[PDB]
There are 2 protein chains.
Amino acid sequence: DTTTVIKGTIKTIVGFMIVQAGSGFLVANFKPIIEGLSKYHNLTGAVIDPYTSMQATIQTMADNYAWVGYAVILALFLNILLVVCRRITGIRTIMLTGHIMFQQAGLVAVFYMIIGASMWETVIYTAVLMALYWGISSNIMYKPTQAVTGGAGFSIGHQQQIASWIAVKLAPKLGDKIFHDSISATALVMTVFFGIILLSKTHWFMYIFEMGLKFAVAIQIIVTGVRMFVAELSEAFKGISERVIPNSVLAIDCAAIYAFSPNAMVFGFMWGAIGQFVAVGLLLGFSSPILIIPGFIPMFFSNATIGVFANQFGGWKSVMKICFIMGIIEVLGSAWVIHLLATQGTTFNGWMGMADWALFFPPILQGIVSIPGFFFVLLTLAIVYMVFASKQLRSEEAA
Amino acid sequence: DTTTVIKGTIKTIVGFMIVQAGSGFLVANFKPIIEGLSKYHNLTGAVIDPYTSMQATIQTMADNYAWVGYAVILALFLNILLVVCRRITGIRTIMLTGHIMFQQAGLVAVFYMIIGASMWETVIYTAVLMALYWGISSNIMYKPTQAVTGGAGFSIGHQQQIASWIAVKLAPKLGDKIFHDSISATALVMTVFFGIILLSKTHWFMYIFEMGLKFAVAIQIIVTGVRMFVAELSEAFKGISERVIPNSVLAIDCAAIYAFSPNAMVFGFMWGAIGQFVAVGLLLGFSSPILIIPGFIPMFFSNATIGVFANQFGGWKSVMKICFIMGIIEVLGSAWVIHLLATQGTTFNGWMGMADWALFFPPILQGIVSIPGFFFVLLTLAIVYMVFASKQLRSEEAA
Ligand SMILES: O=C1O[C@H]([C@@H](O)CO)C(O)=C1O
Ligand SMILES: O=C1O[C@H]([C@@H](O)CO)C(O)=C1O
Ligand SMILES: [Ca+2]
Ligand SMILES: [Ca+2]
């Protein structure tokens, strides 16, 4: 092969270069807006979006951003370890989507850096926490994913597995049985939210739409850059998982189940956007020191997947209620995490803003804030799920 | 349509912000290199490349780049008039390649601004020169294109029509009868040119490859932004030419003849890159006040088209001679234009660098600098063609 490895390396470097270009075009049009919030009132000022959080992670991670690559490879190795020993661990699924791994491990690593831990503590803690989150989350969501997909034989590996598990366990008690697309979407989101800020002439509105288009363009360059940056490496992840665990379960993208229920889409994402709208209204009401700018990606994908599971297990009513609560917890939890990051000693402007990154990981990051022994407590919980998963697997294959 | 109009406007705007993104990445990544050429030896420091010259045009024009659009539309209207009156002008061809129009009218307009003319003078003179160059230069290469393409029914509307004419007539006396593709090409070319600069360690060569990759990424973002920004308005131009002159002859991109001769591509580009290497070697040996950085687009495409026509009319021998001399004239003539634009009162670190933009336009800009009446001279020259050409058309319709 050798040569194709060189091709992959050069292509990934080009990817990170495009990420840097989109980051520059994003910064040169928004630093006087947050720094503009300094010479105004309560500073920051944050955007709920995974790619913006990846940008802020890179910029506040410098050349130490390679720790995210070390932690991604190491965490992937630990997940492969959790699948090879599926008999005593009960973990079958494996995480392989590259950009989701780099986003998640990136935010965890930047958390362990804002606190101020060493390099190896960040790589090891990030690897263990991320591997347990992937195997336990997807392996937890395997069965209901089989219920939604009609037994297709794959699980969900994204950023809302635990929230979708709250929808699976809570739904039966509430109901009865890409250029201009993303640019227009996220741009319209920025313009709508800016119009909401107006609730607290054609020239200023034209600058609203133009700010939405500059922001959306920057985010899109970031999207393509990240995708090409993790494309070949994730393809190698499939190359190794292809041979080490050939009969494993794949934790693929959440969108891969949207076609199994295209009805919970616009409605689930609709009430998720309503939840985030109400939550941002509450934030602007209480004069909170943190302003949240919602994004299209976590709304549509997170609240639409939770809309899918809440639809299959609890109909449109469970979609409305549970998805609304999910959006509120998304915005409020993101602002809370940003408060932690600010008090920990670093100015961070982005956050994942998904469902499992503004509901389940805020309490974990707060747990590491409280005690360094909270991590080993999380490991004991991982054994609590692990031994029972082993017993259920043994009593599930032999019976 | 109404809706698709505002849609297309949003599209062109978005494309323009992508252009600004690649531009910011480019100048932000390569400012200290030319500024380093200030604090060392002779300045400039120029890039033979169409998209870089378009970026520098948008830079040295700022909020006055709309004049380029005005001159593009007006020149289009003038060409439409010349084809409507094809009986008394002998003009069959019509240029519709929009991005070539914006590049050419952009450089001519930015020359008519750097010299200090007003808005209406720059728009009028640029529209006239562009209309006469497109209609006359593309109308000249109609029949030889029919001989090369076997009568495929189109002409060539690009950047080397005049050099293709000098090759067509100079040839018979000399012989017997796209992401990582462009990024890889231009990156390799930057590494080669930097290797020739070294003709005057792993960290140094790896940073050569990294600077070439950054420049390639910036140039590629500029490419996508230009194509998107132009696609809609050029599609409107084609929509008007569909109904005003349906039976007209289309002057299309030059590469559409490469399929009729895939052999002259790598050899014409071979001796063209050789000519660029020799001429740049002369600019380094003579200690010229202007350094020249070659680009992949001018070499490959200019010397490729000239290699195809000079191949059809004068074999591999005329390919070697005319392509080599054409490359030398490319480098030396472009650096010439950079010298004149330097004395005229501004700095311009990059030129179109194609065949006709280093052989035919340097003397035009020099003549306009000397006396403005020279412009009127060209106008009279057009009549010396048009009138004559007029009769020819009749002598080829009824005879
Ligand atoms: O969290 C994310 O969701 C989308 C996509 O993976 C969903 O299909 C994306 O690009 C992310 O970073
Ligand atoms: O001048 C140019 O030549 C190439 C292409 O048109 C040749 O096919 C390109 O992208 C330009 O902008
Ligand atoms: Ca490969
Ligand atoms: Ca169209």
# chains A, B, ... in the order shown; residues from 1 in each chain; ligands from 1
call {"tool": "interface_residues", "arguments": {"of": "chain B", "to": "chain A", "cutoff": "8 Å", "atoms": "only C-alpha atoms", "output": "mmCIF file with C-alpha atoms, in the first residue's frame"}}
result
data_model
loop_
_atom_site.group_PDB
_atom_site.id
_atom_site.type_symbol
_atom_site.label_atom_id
_atom_site.label_comp_id
_atom_site.auth_asym_id
_atom_site.auth_seq_id
_atom_site.Cartn_x
_atom_site.Cartn_y
_atom_site.Cartn_z
ATOM 1 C CA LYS B 11 -26.321 31.757 -4.154
ATOM 2 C CA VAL B 14 -22.736 33.000 -0.637
ATOM 3 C CA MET B 17 -18.312 35.139 0.897
ATOM 4 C CA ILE B 18 -16.553 31.865 0.109
ATOM 5 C CA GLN B 20 -13.615 36.234 0.748
ATOM 6 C CA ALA B 21 -12.875 33.230 2.977
ATOM 7 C CA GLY B 22 -10.260 31.805 0.619
ATOM 8 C CA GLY B 24 -8.520 35.956 3.850
ATOM 9 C CA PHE B 25 -6.849 32.579 4.317
ATOM 10 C CA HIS B 180 -6.981 17.002 -4.736
ATOM 11 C CA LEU B 213 -0.525 22.973 0.446
ATOM 12 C CA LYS B 214 -1.848 26.052 2.265
ATOM 13 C CA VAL B 217 -6.133 25.120 -0.293
ATOM 14 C CA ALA B 218 -6.682 28.881 -0.398
#
call {"tool": "residues_near_ligand", "arguments": {"ligand": "ligand 3", "cutoff": "10 Å", "atoms": "only C-alpha atoms and all ligand atoms", "output": "list in words"}}
result
residues 1, 3, 4, 5, 6, 7, 8, 9, 231, 232, 233, 235, 236 and 239 of chain A
call {"tool": "write_last_selection", "arguments": {"atoms": "N, CA, C and O atoms", "output": "compact mmCIF listing (two decimals), in the first residue's frame"}}
result
# COMPACT_ATOMS: atom_id res chain seq x y z
N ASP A 1 0.82 -1.20 0.00
CA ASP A 1 0.00 0.00 0.00
C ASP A 1 0.86 1.26 0.00
O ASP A 1 0.87 2.01 -0.97
N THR A 3 1.99 3.93 -0.62
CA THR A 3 1.71 5.18 -1.32
C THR A 3 0.35 5.75 -0.94
O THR A 3 0.22 6.95 -0.65
N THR A 4 -0.68 4.90 -0.92
CA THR A 4 -2.01 5.36 -0.53
C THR A 4 -2.05 5.87 0.90
O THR A 4 -2.90 6.70 1.24
N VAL A 5 -1.15 5.39 1.76
CA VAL A 5 -1.03 5.94 3.10
C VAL A 5 -0.54 7.39 3.03
O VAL A 5 -1.06 8.27 3.73
N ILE A 6 0.45 7.65 2.18
CA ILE A 6 0.93 9.02 1.98
C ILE A 6 -0.20 9.90 1.44
O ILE A 6 -0.40 11.03 1.90
N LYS A 7 -0.96 9.37 0.47
CA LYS A 7 -2.09 10.11 -0.06
C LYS A 7 -3.09 10.45 1.04
O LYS A 7 -3.57 11.59 1.13
N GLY A 8 -3.39 9.48 1.91
CA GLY A 8 -4.31 9.74 3.00
C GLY A 8 -3.80 10.79 3.96
O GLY A 8 -4.56 11.65 4.42
N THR A 9 -2.50 10.75 4.28
CA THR A 9 -1.93 11.74 5.19
C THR A 9 -2.03 13.14 4.59
O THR A 9 -2.49 14.08 5.26
N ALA A 231 -12.01 11.62 7.18
CA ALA A 231 -12.54 10.63 6.24
C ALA A 231 -11.63 9.41 6.13
O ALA A 231 -12.05 8.28 6.41
N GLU A 232 -10.37 9.62 5.72
CA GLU A 232 -9.48 8.48 5.50
C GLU A 232 -9.13 7.78 6.81
O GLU A 232 -9.02 6.55 6.84
N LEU A 233 -8.96 8.54 7.89
CA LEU A 233 -8.63 7.92 9.17
C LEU A 233 -9.77 7.05 9.68
O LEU A 233 -9.54 5.92 10.14
N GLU A 235 -11.91 5.69 7.73
CA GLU A 235 -11.90 4.56 6.81
C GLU A 235 -10.90 3.50 7.25
O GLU A 235 -11.13 2.30 7.08
N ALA A 236 -9.77 3.93 7.83
CA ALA A 236 -8.85 2.97 8.42
C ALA A 236 -9.44 2.34 9.68
O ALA A 236 -9.17 1.17 9.96
N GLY A 239 -11.19 -0.24 8.54
CA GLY A 239 -10.24 -1.23 8.06
C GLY A 239 -9.75 -2.17 9.15
O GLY A 239 -9.49 -3.35 8.88
call {"tool": "residues_around", "arguments": {"residues": "residue B:263", "least_positions_apart": "2", "cutoff": "12 Å", "atoms": "only C-alpha atoms", "output": "PyMOL selection string"}}
result
chain B and resi 257-261+265-270+304-305+307-309+311-312+315-316+319
call {"tool": "write_last_selection", "arguments": {"atoms": "N, CA and C atoms", "output": "PDB file, in the first residue's frame"}}
result
ATOM      1  N   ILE B 257     -11.642  20.801 -26.079  1.00  0.00           N
ATOM      2  CA  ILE B 257     -10.950  20.250 -27.239  1.00  0.00           C
ATOM      3  C   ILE B 257      -9.833  19.299 -26.852  1.00  0.00           C
ATOM      4  N   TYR B 258      -9.492  19.202 -25.564  1.00  0.00           N
ATOM      5  CA  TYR B 258      -8.418  18.303 -25.152  1.00  0.00           C
ATOM      6  C   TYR B 258      -8.746  16.854 -25.484  1.00  0.00           C
ATOM      7  N   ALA B 259     -10.031  16.488 -25.450  1.00  0.00           N
ATOM      8  CA  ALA B 259     -10.424  15.134 -25.818  1.00  0.00           C
ATOM      9  C   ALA B 259     -10.099  14.835 -27.275  1.00  0.00           C
ATOM     10  N   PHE B 260     -10.098  15.859 -28.131  1.00  0.00           N
ATOM     11  CA  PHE B 260      -9.707  15.676 -29.523  1.00  0.00           C
ATOM     12  C   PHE B 260      -8.202  15.529 -29.698  1.00  0.00           C
ATOM     13  N   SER B 261      -7.424  15.676 -28.627  1.00  0.00           N
ATOM     14  CA  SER B 261      -5.976  15.524 -28.682  1.00  0.00           C
ATOM     15  C   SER B 261      -5.401  15.333 -27.283  1.00  0.00           C
ATOM     16  N   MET B 265      -1.485  17.360 -24.600  1.00  0.00           N
ATOM     17  CA  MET B 265      -1.698  17.986 -23.299  1.00  0.00           C
ATOM     18  C   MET B 265      -0.428  17.956 -22.457  1.00  0.00           C
ATOM     19  N   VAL B 266       0.077  16.756 -22.162  1.00  0.00           N
ATOM     20  CA  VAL B 266       1.214  16.626 -21.263  1.00  0.00           C
ATOM     21  C   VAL B 266       2.514  17.082 -21.914  1.00  0.00           C
ATOM     22  N   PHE B 267       2.590  17.081 -23.243  1.00  0.00           N
ATOM     23  CA  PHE B 267       3.812  17.543 -23.889  1.00  0.00           C
ATOM     24  C   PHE B 267       3.810  19.056 -24.057  1.00  0.00           C
ATOM     25  N   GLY B 268       2.677  19.627 -24.475  1.00  0.00           N
ATOM     26  CA  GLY B 268       2.568  21.076 -24.513  1.00  0.00           C
ATOM     27  C   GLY B 268       2.723  21.697 -23.139  1.00  0.00           C
ATOM     28  N   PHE B 269       2.093  21.093 -22.129  1.00  0.00           N
ATOM     29  CA  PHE B 269       2.307  21.519 -20.752  1.00  0.00           C
ATOM     30  C   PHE B 269       3.728  21.222 -20.293  1.00  0.00           C
ATOM     31  N   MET B 270       4.352  20.182 -20.852  1.00  0.00           N
ATOM     32  CA  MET B 270       5.736  19.865 -20.515  1.00  0.00           C
ATOM     33  C   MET B 270       6.672  20.994 -20.933  1.00  0.00           C
ATOM     34  N   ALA B 304      -1.394  23.837 -22.964  1.00  0.00           N
ATOM     35  CA  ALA B 304      -2.117  22.668 -23.451  1.00  0.00           C
ATOM     36  C   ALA B 304      -2.941  23.005 -24.687  1.00  0.00           C
ATOM     37  N   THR B 305      -3.684  24.113 -24.646  1.00  0.00           N
ATOM     38  CA  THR B 305      -4.447  24.534 -25.818  1.00  0.00           C
ATOM     39  C   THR B 305      -3.517  24.904 -26.970  1.00  0.00           C
ATOM     40  N   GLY B 307      -0.618  23.789 -27.364  1.00  0.00           N
ATOM     41  CA  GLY B 307      -0.061  22.530 -27.827  1.00  0.00           C
ATOM     42  C   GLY B 307      -1.006  21.749 -28.717  1.00  0.00           C
ATOM     43  N   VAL B 308      -2.315  21.886 -28.495  1.00  0.00           N
ATOM     44  CA  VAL B 308      -3.286  21.173 -29.321  1.00  0.00           C
ATOM     45  C   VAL B 308      -3.379  21.808 -30.702  1.00  0.00           C
ATOM     46  N   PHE B 309      -3.538  23.134 -30.756  1.00  0.00           N
ATOM     47  CA  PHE B 309      -3.620  23.804 -32.051  1.00  0.00           C
ATOM     48  C   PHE B 309      -2.292  23.723 -32.797  1.00  0.00           C
ATOM     49  N   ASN B 311      -0.169  21.541 -32.437  1.00  0.00           N
ATOM     50  CA  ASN B 311       0.015  20.149 -32.826  1.00  0.00           C
ATOM     51  C   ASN B 311      -0.737  19.838 -34.113  1.00  0.00           C
ATOM     52  N   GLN B 312      -2.002  20.265 -34.188  1.00  0.00           N
ATOM     53  CA  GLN B 312      -2.806  20.034 -35.385  1.00  0.00           C
ATOM     54  C   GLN B 312      -2.188  20.696 -36.609  1.00  0.00           C
ATOM     55  N   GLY B 315       2.589  19.856 -35.701  1.00  0.00           N
ATOM     56  CA  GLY B 315       3.180  18.699 -35.050  1.00  0.00           C
ATOM     57  C   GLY B 315       3.896  18.985 -33.731  1.00  0.00           C
ATOM     58  N   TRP B 316       4.581  17.941 -33.257  1.00  0.00           N
ATOM     59  CA  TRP B 316       5.284  18.028 -31.981  1.00  0.00           C
ATOM     60  C   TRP B 316       6.415  19.048 -32.025  1.00  0.00           C
ATOM     61  N   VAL B 319       4.817  22.279 -31.484  1.00  0.00           N
ATOM     62  CA  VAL B 319       4.412  22.224 -30.081  1.00  0.00           C
ATOM     63  C   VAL B 319       5.571  22.630 -29.180  1.00  0.00           C
TER      64      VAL B 319
END
call {"tool": "select_by_dssp", "arguments": {"residues": "stretch 63-227 of chain B", "states": "strand (DSSP E)", "output": "PyMOL selection string"}}
result
chain B and resi 93-95+155-156
call {"tool": "closest_residue", "arguments": {"among": "B:148, B:185, B:240, B:230", "to": "ligand 4", "atoms": "only C-alpha atoms and all ligand atoms"}}
result
B:230
call {"tool": "residues_around", "arguments": {"residues": "residue A:161", "least_positions_apart": "2", "cutoff": "10 Å", "atoms": "only C-alpha atoms", "output": "compact mmCIF listing (two decimals) with C-alpha atoms, in the first residue's frame"}}
result
# COMPACT_ATOMS: atom_id res chain seq x y z
CA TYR A 133 -19.62 6.17 26.62
CA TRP A 134 -19.52 4.70 23.10
CA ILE A 136 -22.28 1.49 26.76
CA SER A 137 -24.34 4.10 24.90
CA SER A 138 -24.64 2.29 21.57
CA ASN A 139 -24.85 -1.15 23.20
CA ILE A 140 -27.61 0.32 25.38
CA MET A 141 -29.45 1.64 22.31
CA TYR A 142 -29.04 -1.54 20.23
CA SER A 155 -27.14 0.48 16.52
CA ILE A 156 -27.03 4.27 16.90
CA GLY A 157 -23.64 5.88 17.40
CA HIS A 158 -24.13 9.64 17.65
CA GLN A 159 -24.63 12.21 20.42
CA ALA A 163 -31.34 10.97 25.89
CA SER A 164 -32.90 8.56 23.41
CA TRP A 165 -32.79 5.95 26.18
CA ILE A 166 -34.70 8.37 28.41
CA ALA A 167 -37.14 8.61 25.50
CA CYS A 254 -28.37 8.55 13.58
CA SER A 302 -30.77 15.53 18.23
CA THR A 305 -33.76 11.37 16.63
CA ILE A 306 -35.36 11.75 20.06
CA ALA A 355 -28.71 15.89 23.82
CA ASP A 356 -26.06 13.70 25.51
call {"tool": "atom_distance", "arguments": {"atom1": "atom 3 (O, counted along the ligand's line) of ligand 2", "atom2": "atom CA of residue B:49"}}
result
9.4 Å
call {"tool": "residues_near_ligand", "arguments": {"ligand": "ligand 2", "cutoff": "10 Å", "atoms": "only C-alpha atoms and all ligand atoms", "output": "short mmCIF file (atom, residue, chain, number, x, y, z; two decimals) with N, CA, C and O atoms, in the first residue's frame"}}
result
data_model
loop_
_atom_site.label_atom_id
_atom_site.label_comp_id
_atom_site.auth_asym_id
_atom_site.auth_seq_id
_atom_site.Cartn_x
_atom_site.Cartn_y
_atom_site.Cartn_z
N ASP B 49 -1.13 33.31 -11.95
CA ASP B 49 -2.30 32.48 -11.66
C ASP B 49 -3.56 33.32 -11.78
O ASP B 49 -3.62 34.44 -11.27
N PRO B 50 -4.61 32.81 -12.45
CA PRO B 50 -5.81 33.64 -12.66
C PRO B 50 -6.59 33.91 -11.38
O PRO B 50 -7.04 35.04 -11.17
N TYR B 51 -6.76 32.90 -10.53
CA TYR B 51 -7.57 33.10 -9.32
C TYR B 51 -6.86 33.98 -8.30
O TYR B 51 -7.52 34.74 -7.58
N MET B 54 -7.38 37.35 -9.41
CA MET B 54 -8.75 37.77 -9.10
C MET B 54 -8.88 38.15 -7.63
O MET B 54 -9.61 39.09 -7.29
N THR B 97 -18.64 31.80 -21.14
CA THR B 97 -17.95 31.32 -19.94
C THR B 97 -17.83 32.45 -18.93
O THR B 97 -16.97 33.33 -19.08
N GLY B 98 -18.68 32.43 -17.90
CA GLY B 98 -18.84 33.61 -17.07
C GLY B 98 -17.62 33.94 -16.23
O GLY B 98 -17.29 35.12 -16.04
N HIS B 99 -16.94 32.92 -15.69
CA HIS B 99 -15.83 33.19 -14.79
C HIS B 99 -14.62 33.75 -15.54
O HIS B 99 -13.87 34.56 -14.99
N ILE B 100 -14.43 33.34 -16.80
CA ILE B 100 -13.42 33.97 -17.64
C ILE B 100 -13.78 35.43 -17.89
O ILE B 100 -12.91 36.31 -17.89
N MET B 101 -15.07 35.71 -18.09
CA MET B 101 -15.52 37.09 -18.27
C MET B 101 -15.20 37.93 -17.04
O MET B 101 -14.65 39.03 -17.15
N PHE B 102 -15.52 37.42 -15.85
CA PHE B 102 -15.27 38.18 -14.63
C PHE B 102 -13.78 38.34 -14.35
O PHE B 102 -13.36 39.37 -13.81
N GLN B 103 -12.97 37.34 -14.70
CA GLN B 103 -11.52 37.47 -14.51
C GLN B 103 -10.93 38.51 -15.46
O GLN B 103 -10.17 39.39 -15.04
N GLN B 104 -11.27 38.41 -16.75
CA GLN B 104 -10.70 39.32 -17.74
C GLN B 104 -11.16 40.75 -17.50
O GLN B 104 -10.34 41.67 -17.39
N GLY B 157 -13.47 30.06 -26.31
CA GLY B 157 -13.53 31.30 -25.57
C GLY B 157 -12.82 31.17 -24.24
O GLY B 157 -13.43 30.80 -23.24
N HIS B 158 -11.52 31.47 -24.23
CA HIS B 158 -10.73 31.29 -23.02
C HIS B 158 -9.71 32.41 -22.85
O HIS B 158 -10.08 33.59 -22.80
N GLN B 159 -8.42 32.06 -22.77
CA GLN B 159 -7.39 33.03 -22.43
C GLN B 159 -6.18 32.99 -23.37
O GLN B 159 -5.14 33.57 -23.03
N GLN B 160 -6.29 32.33 -24.53
CA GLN B 160 -5.13 32.23 -25.42
C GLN B 160 -5.54 32.22 -26.89
O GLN B 160 -4.83 31.64 -27.72
N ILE B 178 -12.32 18.04 -8.76
CA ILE B 178 -10.97 18.50 -9.02
C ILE B 178 -10.38 19.10 -7.74
O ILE B 178 -9.65 20.10 -7.78
N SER B 182 -6.34 19.32 -8.46
CA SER B 182 -5.82 20.68 -8.53
C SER B 182 -4.91 20.99 -7.34
O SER B 182 -3.86 21.62 -7.50
N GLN B 220 -8.00 26.83 -3.90
CA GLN B 220 -9.12 25.95 -4.23
C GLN B 220 -10.43 26.48 -3.67
O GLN B 220 -11.48 26.37 -4.31
N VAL B 223 -11.40 29.01 -5.96
CA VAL B 223 -11.95 28.42 -7.18
C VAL B 223 -13.43 28.09 -6.98
O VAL B 223 -14.29 28.50 -7.78
N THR B 224 -13.75 27.34 -5.92
CA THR B 224 -15.15 26.99 -5.68
C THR B 224 -16.01 28.23 -5.51
O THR B 224 -17.13 28.30 -6.04
N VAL B 226 -15.55 31.24 -6.77
CA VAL B 226 -15.74 31.89 -8.07
C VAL B 226 -16.76 31.13 -8.90
O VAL B 226 -17.67 31.73 -9.49
N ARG B 227 -16.62 29.80 -8.98
CA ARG B 227 -17.54 29.03 -9.81
C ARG B 227 -18.97 29.16 -9.32
O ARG B 227 -19.90 29.33 -10.13
N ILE B 252 -16.70 28.22 -26.15
CA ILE B 252 -16.73 27.49 -24.88
C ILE B 252 -15.33 27.34 -24.31
O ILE B 252 -14.36 27.88 -24.86
N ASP B 253 -15.21 26.60 -23.21
CA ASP B 253 -13.93 26.43 -22.54
C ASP B 253 -12.96 25.67 -23.44
O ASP B 253 -13.36 24.86 -24.28
N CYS B 254 -11.67 25.95 -23.24
CA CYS B 254 -10.65 25.36 -24.11
C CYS B 254 -10.52 23.86 -23.87
O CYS B 254 -10.32 23.09 -24.83
N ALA B 255 -10.64 23.42 -22.62
CA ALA B 255 -10.46 22.01 -22.30
C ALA B 255 -11.40 21.11 -23.09
O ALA B 255 -11.11 19.92 -23.24
N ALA B 256 -12.50 21.65 -23.62
CA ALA B 256 -13.44 20.86 -24.40
C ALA B 256 -12.86 20.39 -25.73
O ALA B 256 -13.54 19.65 -26.45
N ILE B 257 -11.64 20.80 -26.08
CA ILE B 257 -10.95 20.25 -27.24
C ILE B 257 -9.83 19.30 -26.85
O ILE B 257 -9.27 18.63 -27.74
N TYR B 258 -9.49 19.20 -25.56
CA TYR B 258 -8.42 18.30 -25.15
C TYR B 258 -8.75 16.85 -25.48
O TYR B 258 -7.84 16.06 -25.78
N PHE B 296 -0.17 26.39 -11.82
CA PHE B 296 -0.46 25.21 -12.63
C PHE B 296 -1.48 25.52 -13.73
O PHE B 296 -1.35 25.02 -14.86
N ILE B 297 -2.49 26.34 -13.42
CA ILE B 297 -3.52 26.65 -14.40
C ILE B 297 -2.94 27.29 -15.66
O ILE B 297 -3.20 26.77 -16.76
N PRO B 298 -2.15 28.37 -15.59
CA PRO B 298 -1.66 28.98 -16.84
C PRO B 298 -0.77 28.05 -17.66
O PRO B 298 -0.96 27.93 -18.88
N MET B 299 0.20 27.39 -17.01
CA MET B 299 1.06 26.45 -17.71
C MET B 299 0.24 25.37 -18.40
O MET B 299 0.22 25.27 -19.64
N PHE B 300 -0.47 24.57 -17.61
CA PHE B 300 -1.14 23.38 -18.15
C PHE B 300 -2.18 23.75 -19.19
O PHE B 300 -2.23 23.15 -20.27
N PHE B 301 -3.02 24.75 -18.90
CA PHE B 301 -4.14 25.01 -19.79
C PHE B 301 -3.73 25.86 -20.99
O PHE B 301 -4.09 25.55 -22.13
N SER B 302 -2.98 26.94 -20.75
CA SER B 302 -2.50 27.75 -21.87
C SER B 302 -1.63 26.92 -22.80
O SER B 302 -1.93 26.76 -23.99
N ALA B 304 -1.39 23.84 -22.96
CA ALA B 304 -2.12 22.67 -23.45
C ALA B 304 -2.94 23.01 -24.69
O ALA B 304 -2.91 22.27 -25.68
N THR B 305 -3.68 24.11 -24.65
CA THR B 305 -4.45 24.53 -25.82
C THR B 305 -3.52 24.90 -26.97
O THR B 305 -3.72 24.48 -28.12
N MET B 352 -2.79 37.43 -14.41
CA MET B 352 -3.50 36.35 -15.10
C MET B 352 -2.54 35.29 -15.62
O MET B 352 -2.83 34.09 -15.57
N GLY B 353 -1.39 35.72 -16.14
CA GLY B 353 -0.33 34.82 -16.53
C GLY B 353 -0.64 33.86 -17.65
O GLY B 353 0.19 33.00 -17.95
N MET B 354 -1.81 33.97 -18.27
CA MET B 354 -2.12 33.12 -19.41
C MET B 354 -1.32 33.61 -20.63
O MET B 354 -0.48 34.50 -20.55
#
call {"tool": "atom_distance", "arguments": {"atom1": "atom CA of residue B:343", "atom2": "atom CA of residue B:277"}}
result
26.0 Å
call {"tool": "residues_around", "arguments": {"residues": "stretch 385-389 of chain B", "least_positions_apart": "6", "cutoff": "7 Å", "atoms": "only C-alpha atoms", "output": "count of residues only"}}
result
3
call {"tool": "closest_residue", "arguments": {"among": "B:206, B:37, B:80, B:56", "to": "residue B:291", "atoms": "only C-alpha atoms"}}
result
B:37
call {"tool": "residues_around", "arguments": {"residues": "stretch 327-342 of chain A", "least_positions_apart": "6", "cutoff": "10 Å", "atoms": "only C-alpha atoms", "output": "PyMOL selection string"}}
result
chain A and resi 44-48+110-111+114-115+269+271-280+282-283+288-294+298-299+302-303+348-363+365-366+369
call {"tool": "residues_around", "arguments": {"residues": "residue A:317", "least_positions_apart": "4", "cutoff": "7 Å", "atoms": "only C-alpha atoms", "output": "list in words"}}
result
residues 174, 175 and 321 of chain A
call {"tool": "select_by_dssp", "arguments": {"residues": "stretch 289-393 of chain A", "states": "helix (DSSP H, G or I)", "output": "JSON, numbers by chain"}}
result
{"A": [296, 297, 298, 299, 300, 301, 302, 303, 304, 305, 306, 307, 308, 309, 310, 311, 312, 313, 314, 315, 316, 317, 318, 319, 320, 321, 322, 323, 324, 325, 326, 327, 328, 329, 330, 331, 332, 333, 334, 335, 336, 337, 338, 339, 340, 341, 342, 343, 344, 361, 362, 363, 364, 365, 366, 367, 368, 369, 370, 374, 375, 376, 377, 378, 379, 380, 381, 382, 383, 384, 385, 386, 387, 388, 389, 390, 391, 392, 393]}
